[PDB]
Structures are given as C-alpha cells and as structure tokens.
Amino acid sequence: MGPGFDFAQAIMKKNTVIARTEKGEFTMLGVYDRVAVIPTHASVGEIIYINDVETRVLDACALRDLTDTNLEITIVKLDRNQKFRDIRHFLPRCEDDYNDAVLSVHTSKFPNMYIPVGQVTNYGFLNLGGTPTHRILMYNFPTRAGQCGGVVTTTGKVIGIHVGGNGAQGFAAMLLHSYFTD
C-alpha cells in the first residue's frame, strides 16, 4: 500500500522459502548463496523440507552471544541447486530502535501476509518460552502462532525475524551484518 510494503514485498518475493521441520512450517529468510535463517525453536535437523522438497542441511548453527546467551537465530546452509539474491547490504550493523516496520509471513496457513507493526523497540533481554534470550526487538502487535520466522523490515533494512509474542506484544531476534561475514 506504500513504500514500506513495497520493500517488504520485494524481500518476500525473492528471499523467502517455506521451511518445514518436525516442529512446524516456518517463513525462512534466504540471506546469500545457500545460507538462510530460521528461529532456533524450529529444531533444524539433518534434513528439512524447502517448498515441500526434501533438502539436506549442510550446516546449522544456533547462534549465542559471547555471554553464551541464546539469540534464537539458527543459520542454515541448504543443499539447494540455486542461490538466494545477496541481501547482506540490507542488514543493520548495530543494535537499534526503528520506526514504521512491517512483519511479512508466507506459509500454507498465512500466504502473502503483511502486518504494519509500527514502532520497534530495542528490548534486549527476554525470557522467551523459559529461555533467557538477548538482542530482542519488540513491537506492540498481537502476533499469533503461524508468524514465527516472519521477516521484519523497514524501508531499505531487513532488521529481524519474528520468534514469539505474549498476546499483546510481538518479539523478533535481531539480524546483524556480522552474523553473515563469509
């Protein structure tokens, strides 16, 4: 409907796949080459389904900060025959607050879904399902089951992936450029 939704749509159309694990269907953001991200609670194994196709996982790393605290981001390298468009230049370099963000989801349950969530706070620490978690972004939207892995964008930046909510607020794990230096 406006330039926020335009950037969000461009990311969804070229840089997302539907990932299925034994824990559910997730929006999965492709970042560059065969490297993607997904919430750690997806419990990625040796094999994953990508757009309903059986795919070997070449590497999977559940990220933690240097205090050994969960970040809720798993970086996955997929044995796929095609590369993602390189979007690393859209990733923020530092932890920050944002205005006017969009959360975008693409699954069998929620196809072509876009939500204007508004202001995004650098929340920091969250007890997420009992797990102490750092680098959490917060937005005041009543997000629901089905939205985990959803992409959070502003115009020109891909800032996080949706990892949970409490019924009134939604929470995303930060994406930082430093995660994807090769």
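A residue's number is simply how far along the shown sequence it sits, counting from 1.
Requested in this report: Look over 166 to 174 and 10 to 18 in the entry and identify the one with the greater average Cα temperature factor.
Outcome: Mean C-alpha B-factor is greater for 166 to 174.
**Report entry** Per the entry, higher mean C-alpha B factor between 42 to 50 and 142 to 150
**Finding:** Per the deposited B-factors, the answer is 142 to 150.
**Report entry** Options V76, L103, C94, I87 - largest CA temperature factor per the record
**Finding:** Spelled out: the listed residue with the top C-alpha B-factor is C94.
Requested in this report: Would you mind ranking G130 by its C-alpha B-factor against the rest of the chain and naming the third, lowest, middle or highest?
Outcome: It belongs to the highest third of the chain when residues are ordered by C-alpha B-factor.
**Report entry** Third of the chain, ranked by Cα B-factor, where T69 sits
**Finding:** Its C-alpha B-factor, which the entry lists for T69, ranks in the middle third among residues of this chain.
Query raised in the report: Can you tell me which third, lowest, middle or highest, the CA B-factor of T27 falls into for its chain?
Result: Lowest third of the chain for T27's C-alpha B-factor.
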